[PDB]
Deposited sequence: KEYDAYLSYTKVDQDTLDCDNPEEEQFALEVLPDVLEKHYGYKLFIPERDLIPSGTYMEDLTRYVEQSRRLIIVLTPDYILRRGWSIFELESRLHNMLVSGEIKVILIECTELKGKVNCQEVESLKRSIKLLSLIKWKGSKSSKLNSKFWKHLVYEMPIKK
């Protein structure tokens, strides 16, 4: 309906080098300036109110994609939980009703860790897995950036 992507990352005030800058700075800037998509970024676009759970829910419904940025802080704080604790959000993931682009920025070191993630992948009906290879992919006009833009909606 009203957004081309909901953007799900984790920020803490911490296991992240240059990765943090890609997932907090360059990624939303490049998609929303240099390609002009419209993103819903929770730390711009949503006050924590008493209705936060249903606010966040009713914004995912209005988003054409779900981007999930697997910074190691995300695997730390299991950033995906919101999307499995909320009932409607869950079924949307398993029913195909929402397309999930999952930007993988690190190697899943973590025997437990590696397995939870596969049940995430399991539980999403429509999944794209795009791999971020450092500054190398961050360099605009890259192989990562093209891989990402038609996984985004039409123009």
task = Pop the missing stretches of the deposited sequence into a list, counting residues from 1 and keeping sequence order.
result = 14 to 18, 161
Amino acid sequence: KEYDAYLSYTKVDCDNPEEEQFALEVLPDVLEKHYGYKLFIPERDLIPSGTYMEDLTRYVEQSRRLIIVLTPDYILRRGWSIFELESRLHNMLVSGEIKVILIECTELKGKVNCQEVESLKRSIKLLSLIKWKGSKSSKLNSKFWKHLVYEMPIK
From here on, numbers count along this sequence of modelled residues.
query = With respect to the recorded C-alpha B factors, which stretch has the higher mean value, 109 to 117 or 64 to 72?
reply = 109 to 117
note = So, residue 48's CA B-factor, relative to its chain, sits in which third? The highest
message = Where does the C-alpha B-factor of residue 94 rank in its chain, lowest, middle or highest third?
response = highest
Third of the chain, ranked by Cα B-factor, where residue 5 sits = lowest
